[PDB]
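This report concerns only the one structure given below.
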Amino acid sequence: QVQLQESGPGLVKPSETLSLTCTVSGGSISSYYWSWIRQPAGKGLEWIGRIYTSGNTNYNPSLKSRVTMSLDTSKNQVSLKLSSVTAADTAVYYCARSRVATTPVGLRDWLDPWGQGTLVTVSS
Amino acid sequence: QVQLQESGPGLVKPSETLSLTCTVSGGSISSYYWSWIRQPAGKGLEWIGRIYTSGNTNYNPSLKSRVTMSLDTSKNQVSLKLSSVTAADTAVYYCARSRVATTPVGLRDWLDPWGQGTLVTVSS
Amino acid sequence: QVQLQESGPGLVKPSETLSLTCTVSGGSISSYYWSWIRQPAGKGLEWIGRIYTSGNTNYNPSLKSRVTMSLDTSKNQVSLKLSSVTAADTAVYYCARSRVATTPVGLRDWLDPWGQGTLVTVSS
Amino acid sequence: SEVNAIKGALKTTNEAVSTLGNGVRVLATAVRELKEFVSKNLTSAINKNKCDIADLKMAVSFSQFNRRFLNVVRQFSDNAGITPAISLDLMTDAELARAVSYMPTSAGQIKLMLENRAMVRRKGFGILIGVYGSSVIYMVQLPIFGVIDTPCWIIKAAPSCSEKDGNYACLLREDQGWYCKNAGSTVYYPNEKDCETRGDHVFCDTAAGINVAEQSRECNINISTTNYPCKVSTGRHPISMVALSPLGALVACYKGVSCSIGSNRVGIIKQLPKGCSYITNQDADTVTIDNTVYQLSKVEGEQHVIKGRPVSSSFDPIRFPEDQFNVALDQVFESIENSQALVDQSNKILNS
Amino acid sequence: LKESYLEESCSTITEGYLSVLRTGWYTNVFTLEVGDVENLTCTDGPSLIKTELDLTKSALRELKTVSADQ
Amino acid sequence: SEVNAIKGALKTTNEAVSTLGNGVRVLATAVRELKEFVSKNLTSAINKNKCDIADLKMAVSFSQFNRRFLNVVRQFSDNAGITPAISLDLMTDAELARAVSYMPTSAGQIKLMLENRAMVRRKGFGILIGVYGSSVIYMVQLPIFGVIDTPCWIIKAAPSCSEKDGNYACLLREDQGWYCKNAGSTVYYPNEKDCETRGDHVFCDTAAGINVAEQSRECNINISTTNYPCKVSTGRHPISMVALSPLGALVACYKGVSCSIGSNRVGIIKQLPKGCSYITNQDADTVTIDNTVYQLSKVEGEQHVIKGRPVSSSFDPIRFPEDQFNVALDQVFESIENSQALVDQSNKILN
Amino acid sequence: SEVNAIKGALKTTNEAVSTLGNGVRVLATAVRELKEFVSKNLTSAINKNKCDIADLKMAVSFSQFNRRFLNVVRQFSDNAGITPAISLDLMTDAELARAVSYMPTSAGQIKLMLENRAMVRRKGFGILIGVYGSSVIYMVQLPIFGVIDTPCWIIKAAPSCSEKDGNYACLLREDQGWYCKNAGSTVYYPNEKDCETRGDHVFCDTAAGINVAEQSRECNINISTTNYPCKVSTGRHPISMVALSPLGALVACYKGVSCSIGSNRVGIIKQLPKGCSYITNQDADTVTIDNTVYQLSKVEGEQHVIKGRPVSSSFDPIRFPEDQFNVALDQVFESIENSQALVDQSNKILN
Amino acid sequence: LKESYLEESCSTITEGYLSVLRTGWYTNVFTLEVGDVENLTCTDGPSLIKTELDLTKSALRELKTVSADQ
Amino acid sequence: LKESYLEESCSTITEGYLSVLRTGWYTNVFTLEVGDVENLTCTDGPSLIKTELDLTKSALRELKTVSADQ
Amino acid sequence: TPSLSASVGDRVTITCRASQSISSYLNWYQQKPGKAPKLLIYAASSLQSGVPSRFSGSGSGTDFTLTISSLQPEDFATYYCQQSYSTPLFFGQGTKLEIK
Amino acid sequence: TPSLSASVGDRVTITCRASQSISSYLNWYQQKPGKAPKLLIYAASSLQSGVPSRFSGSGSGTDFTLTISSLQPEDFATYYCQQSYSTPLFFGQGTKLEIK
Amino acid sequence: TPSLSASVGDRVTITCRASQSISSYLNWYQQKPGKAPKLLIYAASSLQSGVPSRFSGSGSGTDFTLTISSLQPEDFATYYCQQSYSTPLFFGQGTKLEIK
Ligand SMILES: *[C@@H]1O[C@H](CO)[C@@H](O)[C@H](O)[C@H]1NC(C)=O
Ligand SMILES: *[C@@H]1O[C@H](CO)[C@@H](O)[C@H](O)[C@H]1NC(C)=O
Ligand SMILES: *[C@@H]1O[C@H](CO)[C@@H](O)[C@H](O)[C@H]1NC(C)=O
Ligand SMILES: *[C@@H]1O[C@H](CO)[C@@H](O)[C@H](O)[C@H]1NC(C)=O
Ligand SMILES: *[C@@H]1O[C@H](CO)[C@@H](O)[C@H](O)[C@H]1NC(C)=O
Ligand SMILES: *[C@@H]1O[C@H](CO)[C@@H](O)[C@H](O)[C@H]1NC(C)=O
Ligand SMILES: *[C@@H]1O[C@H](CO)[C@@H](O)[C@H](O)[C@H]1NC(C)=O
Ligand SMILES: *[C@@H]1O[C@H](CO)[C@@H](O)[C@H](O)[C@H]1NC(C)=O
């Protein structure tokens, strides 16, 4: 079974280049697709983007100009970079697997499993 | 061993599109070549044409503008179609295998085995 | 192990073409490289040329315009031909293997083993 | 009073009993030796044979069960991380059919793809991505055929030389190749091998295609239309050649060459006039220019039927004759029981 | 198929074909794993199955060097 | 007074011992037959089984030990004396690395080759030379990359049509393909597949290259420069197509055709105007011309995870009940010894 | 009399006989157990081992006997119904030789084909047709080489730049490729890999051939000839390159490039002037342009000799020392009859 | 081989070769069949040769889908 | 990579690539041989290892006919 | 977020509605405070392995429904519906279950 | 068709002649009334498997001969010679064997 | 050729010098009268298999040295040094060893 963990700075100053890493164990990052989801305090979930085996990406149109995702097969990690962070970017960040498989209705995709998440705070 | 069998309408009106079928069992129609020979009542044998594995054909120059041959591997059948039949086209029709193999003198081809044949009558 | 032997006319008239043959046993002539060395009476060794498995050749610049080498895989032989021989061409002729392998300092090549040699005399 | 005889008869009986005891002791030693042989050496040998058989069976079963993984590893090793096509071990037929069903096209395109799975496989390929533990990760790349069932035509040409007072004027069409009509334009493929024919269906390569105007069709009616600049190459020196056509051939015969229609076995059928001439596949079988003979169709040769050698079982079980042992053992047991009964009867009868 | 002779330019045209043109790429990802293999401790030294397993592992290690896995 | 009874008891006793001896001899014959059967008919079968197992092991071990040789022979037989690339059995990775280290080039080139081993193998090949006895002799030909890390750019074009009272004027660039900067000139590759992309490095084919002047780059600034004859072809009739770019697409829409960008789950995103419009691979997913739908990127589908069946051992060693048999044999020996001792006591008492 | 102390002796004797009978009885029970064990358990184990050995033999023999069919199936599965060449398992050498002998050509062509069967294999291919039952049906397509032994020549060119007043004028030939003459015309192959050279014979691909007039040979004598329009491309900007040749190379050197002739080990041998210079493969080893070093010939490297591991038998037959057992059984057989005769005389005494 | 350097055109010609040109196609037809295999009935179920036969039959069934005939 | 739209000519240019150009050929030669194999003389009739050796020799003999030297 | 109050053993029905028809491209998630969301339903009718059977999915097109038959004290969490029809992935506003 | 009358056990030589030399590209057939032709000789000298040995083929070039050494009552039929040298395949007019 | 005279058991040092630095591209040969040269040292420091250990190679660049520790009556021969740095291969003039 595949399990995930998130690591990061935790405290980022304004207008910096926030970087996070999700470390995949129990499988290979080339066998599936991967996603990032962030959830502000007291608010809902916002999907950020997804990355494929080939290295292609699709980003949320509200964060496409500031988000970069990548795969590193040597360490089995998925990287996320959000540039020019402000106070509105404070949230809890999760990494998750994108599962695409055959269902009794056709090709369907979901997010399973998830990472425990990590808090990122932006302040001066 | 390979055995052959022919089936057809038996009675064809003038100027119609006479169709016959030879059904091959015990082998595959792609392993050898196939021939049609017709023999009028009280007359001799007339070679009609031959078909190869690739689907190429060679026809008798007295029937090339009126004879079409084909292979159908799904049912293991060889088809013959003679258009614009007249009373002169009444005969007994045979299907046979064209065997091409090495001989003490070189490459030689014969007709073996033959089909039991079937009578076709053209009348108004 | 690989053994080599040389055979030739022994006596060659002036302005003729010398022809020598080295016969390889215990191995194949395509597995290694081969060379010719001649040593005049009371003098030192002179390298003549080397031939590769691809059939490429490199010749001594003092004998490149008169020396031809070749390989014959059918009889396992290496041929040498020296045209327009004069009295200065009298010597003992040896064939040897060129061994190219890794050494504690890098890629190095030597001459081992050698043939017993054969005397060639040029006189009128 | 012949009591002395019975005083030695019982002594001889006792000596016989001792001799029988020694004999049965020797028999017991022999039985012990045989049992120590069979229980130790033979059992160890058969256990070793069992272990070797299990090892052999595991090796062959490993091969059989991992056949697909081993095959894909072998192909990727052979071609250095790539495969030239989608092999049957890269993707099974059911997986290929499912993938074709999920493609973003229409029902007709999906049906044609399900008919021409072979062209799908040969126009796809697979790439090796990585190795993790005892696993191989690879990606198959399947083609999506969105355009189907539009007219296509192929053009072939030969030099067209005209002689005037020994001065030649040769014209050759440069439009040769494949054409398939599309939306907004026609795709032109200069090389014949750019598009591959299967039945009446033509599968063309996207990389080799060149888009041209629909007005290129008029080159096949009037080669000198002012509506479209048909691409022709002019010459001055004659050229003699035979251009093979899908259902015939074009033969050009000029100047000092001898071209003629022939049919192999018999030979010459007719000499050919000077100029351009079109011959169909049903007319003859060969074309001869000077000493050069060109075939019109494939020369169908021998047909072979080779069957592999048979393989047969070599199982010859060994059966033990238990009955002949059991009868003798029952005999010895009943003899022992009878001896015990007889000695008991002797003891009973000895007393009054 | 119908073929016509074009006498005006010494050419032919063969009509009757039907196009099949590619417009995209559709990709799938596969992961093949070696099934479980157990110990055979009864043997002595070079077990045939262990030799096969070592050969497969060495082949996998060589194959890792030609992957796109930089 | 009972001497007759004593005589009768002795007679029955000796009859009993004779019957016991006959039983002993029958048991001796039975054990003789058992021993002969075990020693001949079972040992022959076990020897035959051993020989067959040895043959099977020899065949399998031959296959395992000569694996590289057999694979090379198989590949050369399949391709008839040629091999399309340098496979892992023609040359191991250590041999490939040593050969790369021995090439007459510089440290940067050598390092890049050890990084791009796969392209080295796929651009090399091997040829078969001959067969001597039980040996195969072949040559492996490696590529030497002496030029590295220079600018390279790729050019793609689409028809550019302008309308004047319904009369069209279309222009198309013919400089399409790969370019790489070299010493003394620039190398031009007219076909896209002439150079293969790996990461940011492009590996180009020497045979397909065309050396062209360095001044060819001014076609990317002003096609109408008099400093270079840029290769353009003029036209008169409109052409509608979509030219796929590395990070987007060029779509031309003219005359009576309808083009528009969209997605695969929902229809129209936007209708495109007439002419050329450049759409990046992030703006949309598909391009539709009339009824033809062109994809912008690879359509990533399912992902499969298949594991082979397990392999299990079937070793079931056999064992004998040694303790019971040993106890029985010891009891036999002690009983016969006791009988001998007590019959000796009886014989001594008879005096 | 002394008969008082003989009844007890007789009772002890018959009790000893009874206990010896009990000992023989338990010995017979042990013999029963051993015989049943060796007859059921060991025999069943041997039968199972024999069955498994037969199964393994059948699998291995199936592979060995069907090798050709299995290889054809493997190749067609690998390339999806087609084979890039004519492999040794599609068609054996005797079959190929017979087919070549049956071809409609002349003796010289047939002889050359039997000499270059490798090239005929690499220019042929196989096509999978269908599957019927447990059979595969396919067609091999062999090439027919009807034209042999005519002159062919290959042309290679380099830019020829002449500088006046600082303004360049470069001329390059576009005739490069293979030219082999035929009947009625000469066939021209623009790409160098369109024709494959083996020894002194050059095998050209008919699909890539272009028929041109025999007067194309005049381009190799005087390009400015008016008999033939030799195709040359003119330029204005200088281009520097090295055009490799079958037995040498052409090197071009203009404006600001430093180019020289050198070696691999010792380094530079000579500096080249400006313009074209023709360098022979025997003149030197490498060509340097600025910092770019081009090899003239293949750099012959290491030679490897690898032998596979040995394969050895492990047959260890079994043997049983039956001599001691036979001696013991013979002693038993003699002693039982000796005791039988002794009890016979014992009961014969009583009369 | 004789290579000539043409100074006037900065080119070379290497003549001395001999042609081998293809003029036709020659075809043969082959039919390969598996030799007959008997049933080894001493084992009920997991038979190695039965597994091999099933593997060959399944491979043939897959290969039937890429054949030229439909 | 950086891709620009060349609007004046309805074209694009994608810059940011680094060249790797071949300049020579480096050759090695290999000699692979079969390891020693012994008799197993205990078998009655043909043996599996001898059949494998004969198949190997036949394959080598057929491969000799496609070698570079005749 | 809209809230719902129910007792133990009561039947709870959560409904969320899409802008347009999305067939069966819908998922359900159960998130507990301080934890990460855990998938419950995929394809609008498929129950994720490990989920108790009391949770059910239904609906196609525009109207989808999550139903719990026999409520438990562990069921109290926040539930979101996410559409997999098209990217960007969008999550429902969330329905917080609270105890009565 | 030309006829021939012979008795049981007699020797019969059937002869047919080709327009031009055809080497050994000739076949012999035996057709019985109400049946299909059965190949007897191929390549003008080869006896088809299943044919009694008393039939024999001979000839090369232009003249070919079918010979039966000892006539049996089952031998009574019509015999045709066909050339395989070139297409179209041509069959002999036929020689009908009749009983005396 | 330059000659050297020494006794049994004496240490002999043969030295030859290259025109330019050639690193470790140098070999030593021992040729006996009436025979063919036999390689003794390759790569200037490697002792050929079969050669007695008393022979040693040393040096790199331009100066190379052949040394024999304990002379034997069979050691009397002629020795040449050959450079493998570049073609044409060149052999040393030879130092003929003679007995005292
Ligand atoms: C039987 O086994 C013993 C050890 O238990 C061994 O020493 C002996 O050599 C073996 N005897 C035979 C005849 O194989
Ligand atoms: C072909 O077109 C040209 C140019 O318009 C015209 O002169 C000529 O007559 C046309 N040919 C025919 C056969 O109409
Ligand atoms: C045992 O072997 C003998 C030969 O020694 C053979 O004749 C006999 O049939 C075999 N007996 C059994 C019961 O298998
Ligand atoms: C392009 O170059 C031409 C020729 O020098 C010039 O007339 C034209 O104005 C240039 N175009 C631009 C946009 O500068
Ligand atoms: C021998 O076979 C019997 C058959 O019932 C089985 O129960 C028993 O366990 C076996 N004995 C041994 C020692 O394996
Ligand atoms: C080449 O041909 C031209 C044109 O006929 C002529 O002027 C020129 O002198 C010729 N050159 C040579 C070197 O013959
Ligand atoms: C042979 O094979 C199968 C599988 O072992 C067996 O069940 C079947 O009865 C046999 N079939 C025939 C036709 O003998
Ligand atoms: C193996 O034995 C056979 C006879 O059994 C003999 O002919 C052969 O020479 C032996 N093997 C070898 C490699 O010589």
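In the structure tokens, the first chain shown is A, the next is B, and so on; residue numbers restart at 1 for each chain, and ligands run from 1 in the order shown.
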Show me which residues line ligand 6, defined as having an atom within 10 Å of a ligand atom where only C-alpha atoms and all ligand atoms count, and present them as a PDB file with C-alpha atoms, in the first residue's frame.
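This went into out-v8.pdb:
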```
ATOM      1  CA  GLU G 218      29.551  15.114 -67.611  1.00  0.00           C
ATOM      2  CA  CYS G 219      29.184  16.866 -64.238  1.00  0.00           C
ATOM      3  CA  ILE G 221      34.502  16.635 -65.854  1.00  0.00           C
ATOM      4  CA  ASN G 222      33.323  20.236 -66.343  1.00  0.00           C
ATOM      5  CA  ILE G 223      30.444  21.551 -64.223  1.00  0.00           C
ATOM      6  CA  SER G 224      30.050  24.543 -66.551  1.00  0.00           C
ATOM      7  CA  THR G 225      29.240  22.201 -69.458  1.00  0.00           C
ATOM      8  CA  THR G 226      26.294  23.104 -71.677  1.00  0.00           C
ATOM      9  CA  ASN G 227      25.416  19.472 -72.451  1.00  0.00           C
TER      10      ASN G 227
ATOM     11  CA  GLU H   8      37.309  22.444 -59.967  1.00  0.00           C
TER      12      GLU H   8
END
```
Practice task
Collect all residues with atoms no farther than 7 Å from ligand 2, counting only C-alpha atoms and all ligand atoms, and output them as a ChimeraX atom specification.
Solution key: /D:222-226
Keeping only N, CA, C and O atoms, write the selected residues as a CSV table (one decimal), in the first residue's frame.
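Here's the written file out.csv:
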```csv
chain,number,residue,atom,x,y,z
D,222,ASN,N,-6.3,18.1,-67.2
D,222,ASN,CA,-5.5,18.9,-68.1
D,222,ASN,C,-4.2,19.3,-67.4
D,222,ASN,O,-4.2,20.2,-66.5
D,223,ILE,N,-3.1,18.7,-67.8
D,223,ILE,CA,-1.8,18.9,-67.1
D,223,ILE,C,-1.3,20.3,-67.2
D,223,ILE,O,-0.5,20.7,-66.3
D,224,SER,N,-1.8,21.1,-68.1
D,224,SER,CA,-1.4,22.5,-68.3
D,224,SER,C,-2.4,23.5,-68.0
D,224,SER,O,-2.6,24.5,-68.7
D,225,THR,N,-3.2,23.2,-66.9
D,225,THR,CA,-4.2,24.2,-66.5
D,225,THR,C,-3.5,25.4,-65.9
D,225,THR,O,-2.5,25.3,-65.2
D,226,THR,N,-4.1,26.6,-66.2
D,226,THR,CA,-3.7,27.8,-65.6
D,226,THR,C,-4.3,28.0,-64.2
D,226,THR,O,-3.9,29.0,-63.5
```
Exercise for the section: Pick out each residue of chain H that DSSP on the backbone tags as strand (DSSP E or B); I need them as a PyMOL selection string. Expected result: chain H and resi 2-6+11-33+37
Residues within 12 Å of ligand 7, counting only C-alpha atoms and all ligand atoms: report them as an mmCIF file with N, CA and C atoms, in the first residue's frame.
```cif
data_model
loop_
_atom_site.group_PDB
_atom_site.id
_atom_site.type_symbol
_atom_site.label_atom_id
_atom_site.label_comp_id
_atom_site.auth_asym_id
_atom_site.auth_seq_id
_atom_site.Cartn_x
_atom_site.Cartn_y
_atom_site.Cartn_z
ATOM 1 N N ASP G 55 6.709 -34.895 -16.648
ATOM 2 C CA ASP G 55 6.117 -33.602 -16.984
ATOM 3 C C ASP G 55 7.190 -32.586 -17.375
ATOM 4 N N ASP H 36 1.989 -33.217 -32.206
ATOM 5 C CA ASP H 36 0.963 -33.659 -31.274
ATOM 6 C C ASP H 36 1.562 -33.942 -29.900
ATOM 7 N N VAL H 37 0.782 -33.653 -28.862
ATOM 8 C CA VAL H 37 1.187 -33.831 -27.474
ATOM 9 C C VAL H 37 0.157 -34.707 -26.780
ATOM 10 N N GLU H 38 0.632 -35.715 -26.058
ATOM 11 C CA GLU H 38 -0.248 -36.595 -25.309
ATOM 12 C C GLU H 38 -0.559 -36.000 -23.937
ATOM 13 N N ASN H 39 -1.627 -36.497 -23.321
ATOM 14 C CA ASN H 39 -1.984 -36.119 -21.959
ATOM 15 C C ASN H 39 -1.203 -36.960 -20.960
ATOM 16 N N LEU H 40 -0.566 -36.286 -20.009
ATOM 17 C CA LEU H 40 0.067 -36.951 -18.879
ATOM 18 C C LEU H 40 -0.922 -36.974 -17.721
ATOM 19 N N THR H 41 -1.637 -38.084 -17.565
ATOM 20 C CA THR H 41 -2.762 -38.155 -16.642
ATOM 21 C C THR H 41 -2.374 -38.579 -15.230
ATOM 22 N N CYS H 42 -1.092 -38.843 -14.962
ATOM 23 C CA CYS H 42 -0.701 -39.246 -13.614
ATOM 24 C C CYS H 42 -0.896 -38.129 -12.598
ATOM 25 N N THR H 43 -0.909 -36.873 -13.038
ATOM 26 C CA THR H 43 -1.162 -35.735 -12.164
ATOM 27 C C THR H 43 -2.498 -35.114 -12.547
ATOM 28 N N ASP H 44 -3.346 -34.879 -11.550
ATOM 29 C CA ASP H 44 -4.666 -34.305 -11.770
ATOM 30 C C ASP H 44 -4.613 -32.807 -11.497
ATOM 31 N N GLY H 45 -4.685 -32.005 -12.558
ATOM 32 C CA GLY H 45 -4.684 -30.569 -12.415
ATOM 33 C C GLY H 45 -3.392 -29.907 -12.853
ATOM 34 N N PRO H 46 -2.565 -29.509 -11.885
ATOM 35 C CA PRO H 46 -1.412 -28.653 -12.199
ATOM 36 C C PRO H 46 -0.310 -29.368 -12.965
ATOM 37 N N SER H 47 -0.467 -29.471 -14.282
ATOM 38 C CA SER H 47 0.514 -30.120 -15.142
ATOM 39 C C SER H 47 1.340 -29.070 -15.870
ATOM 40 N N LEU H 48 2.664 -29.239 -15.838
ATOM 41 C CA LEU H 48 3.568 -28.284 -16.473
ATOM 42 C C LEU H 48 3.356 -28.240 -17.983
ATOM 43 N N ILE H 49 3.222 -29.411 -18.610
ATOM 44 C CA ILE H 49 3.033 -29.462 -20.055
ATOM 45 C C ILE H 49 1.655 -28.931 -20.432
ATOM 46 N N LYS H 50 0.642 -29.193 -19.602
ATOM 47 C CA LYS H 50 -0.676 -28.621 -19.855
ATOM 48 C C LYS H 50 -0.640 -27.101 -19.767
ATOM 49 N N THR H 51 0.091 -26.563 -18.789
ATOM 50 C CA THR H 51 0.248 -25.115 -18.690
ATOM 51 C C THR H 51 0.958 -24.554 -19.914
ATOM 52 N N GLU H 52 2.006 -25.238 -20.379
ATOM 53 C CA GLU H 52 2.705 -24.790 -21.580
ATOM 54 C C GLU H 52 1.787 -24.816 -22.796
ATOM 55 N N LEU H 53 0.972 -25.867 -22.922
ATOM 56 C CA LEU H 53 0.040 -25.968 -24.042
ATOM 57 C C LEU H 53 -1.008 -24.865 -23.993
ATOM 58 N N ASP H 54 -1.538 -24.576 -22.803
ATOM 59 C CA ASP H 54 -2.497 -23.487 -22.665
ATOM 60 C C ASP H 54 -1.859 -22.146 -23.008
#
```
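Atom CA of residue G:343 to atom CA of residue D:6 spans 12.8 Å [interatomic distance, one decimal].
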Problem - Selection: 12 Å around residue I:68, only C-alpha atoms, excl. self and same-chain fewer than 5 positions, as a ChimeraX atom specification - result: /C:30,53-55,73 /F:76,80-82,126-131,136-139 /G:115-119,197-199 /I:63
Export, as a compact mmCIF listing (two decimals), in the first residue's frame, the selected residues with N, CA and C atoms.
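Full text of selection15.txt as output:
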```
# COMPACT_ATOMS: atom_id res chain seq x y z
N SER C 30 39.84 -12.96 -36.71
CA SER C 30 38.95 -11.83 -36.48
C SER C 30 38.90 -11.40 -35.02
N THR C 53 40.59 -6.32 -37.49
CA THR C 53 39.52 -7.25 -37.87
C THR C 53 38.59 -6.65 -38.91
N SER C 54 38.45 -5.32 -38.93
CA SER C 54 37.61 -4.67 -39.93
C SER C 54 38.25 -4.68 -41.31
N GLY C 55 39.53 -5.04 -41.42
CA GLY C 55 40.25 -4.97 -42.66
C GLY C 55 41.00 -3.67 -42.88
N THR C 73 39.58 -15.37 -44.05
CA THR C 73 38.91 -16.09 -42.97
C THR C 73 38.69 -17.56 -43.28
N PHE F 76 21.09 -11.82 -33.55
CA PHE F 76 21.70 -11.80 -34.88
C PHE F 76 20.94 -12.70 -35.85
N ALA F 80 19.35 -11.12 -38.98
CA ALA F 80 20.20 -11.62 -40.07
C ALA F 80 21.55 -10.90 -40.11
N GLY F 81 22.31 -11.07 -39.02
CA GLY F 81 23.68 -10.60 -38.95
C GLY F 81 23.86 -9.17 -38.51
N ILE F 82 22.78 -8.42 -38.31
CA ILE F 82 22.80 -7.04 -37.86
C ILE F 82 21.99 -6.97 -36.56
N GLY F 126 25.56 -3.00 -33.70
CA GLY F 126 26.53 -4.08 -33.75
C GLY F 126 26.33 -4.92 -35.00
N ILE F 127 27.45 -5.43 -35.52
CA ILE F 127 27.44 -6.25 -36.72
C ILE F 127 28.14 -7.57 -36.43
N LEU F 128 27.71 -8.61 -37.14
CA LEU F 128 28.28 -9.94 -36.99
C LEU F 128 29.43 -10.12 -37.98
N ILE F 129 30.55 -10.64 -37.49
CA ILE F 129 31.76 -10.78 -38.29
C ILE F 129 31.95 -12.21 -38.77
N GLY F 130 31.85 -13.19 -37.88
CA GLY F 130 32.05 -14.56 -38.30
C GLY F 130 31.81 -15.53 -37.16
N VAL F 131 31.93 -16.81 -37.50
CA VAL F 131 31.77 -17.91 -36.55
C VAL F 131 33.00 -18.80 -36.67
N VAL F 136 31.14 -16.90 -31.48
CA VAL F 136 30.57 -15.86 -32.32
C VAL F 136 31.44 -14.62 -32.17
N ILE F 137 31.79 -14.01 -33.29
CA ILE F 137 32.67 -12.85 -33.32
C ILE F 137 31.89 -11.69 -33.93
N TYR F 138 31.79 -10.59 -33.20
CA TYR F 138 31.02 -9.45 -33.67
C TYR F 138 31.70 -8.16 -33.24
N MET F 139 31.36 -7.09 -33.94
CA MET F 139 31.87 -5.76 -33.66
C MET F 139 30.74 -4.87 -33.17
N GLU G 115 25.80 -16.18 -53.29
CA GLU G 115 26.94 -15.60 -52.60
C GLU G 115 26.51 -14.57 -51.55
N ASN G 116 25.47 -13.79 -51.83
CA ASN G 116 25.00 -12.72 -50.95
C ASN G 116 23.62 -13.01 -50.36
N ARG G 117 23.40 -14.27 -50.00
CA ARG G 117 22.18 -14.67 -49.30
C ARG G 117 21.89 -13.82 -48.07
N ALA G 118 22.93 -13.33 -47.38
CA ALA G 118 22.68 -12.45 -46.24
C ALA G 118 21.98 -11.17 -46.67
N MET G 119 22.42 -10.59 -47.79
CA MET G 119 21.78 -9.37 -48.26
C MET G 119 20.39 -9.64 -48.81
N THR G 197 26.64 -1.07 -49.16
CA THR G 197 27.86 -1.64 -49.72
C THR G 197 28.28 -2.87 -48.93
N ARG G 198 28.53 -3.97 -49.63
CA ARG G 198 29.06 -5.19 -49.03
C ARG G 198 30.21 -5.66 -49.91
N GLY G 199 31.42 -5.62 -49.37
CA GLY G 199 32.59 -5.90 -50.20
C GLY G 199 32.71 -4.85 -51.28
N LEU I 63 23.94 -19.44 -38.61
CA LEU I 63 24.39 -18.07 -38.42
C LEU I 63 25.69 -17.80 -39.17
```
Practice task
Tell me which protein, DNA and RNA residues are within 6 Å of residue E:28, counting only C-alpha atoms, leaving out same-chain ones fewer than 6 positions away, and put them as a ChimeraX atom specification.
Solution key: /D:139-140 /F:301-303
Quick one: which chain D residues come within 12 Å of chain K, and what is the nearest atom pair for each with the distance in Å to one decimal, counting only C-alpha atoms, rows ordered by chain and ascending number, as a Markdown table?
```
| residue | atom | partner | partner_atom | distance |
| --- | --- | --- | --- | --- |
| D:263 | CA | K:86 | CA | 9.0 |
| D:264 | CA | K:86 | CA | 9.0 |
| D:265 | CA | K:86 | CA | 6.5 |
| D:266 | CA | K:86 | CA | 7.3 |
| D:267 | CA | K:86 | CA | 10.5 |
| D:282 | CA | K:87 | CA | 11.7 |
| D:284 | CA | K:87 | CA | 10.9 |
| D:285 | CA | K:87 | CA | 11.0 |
```
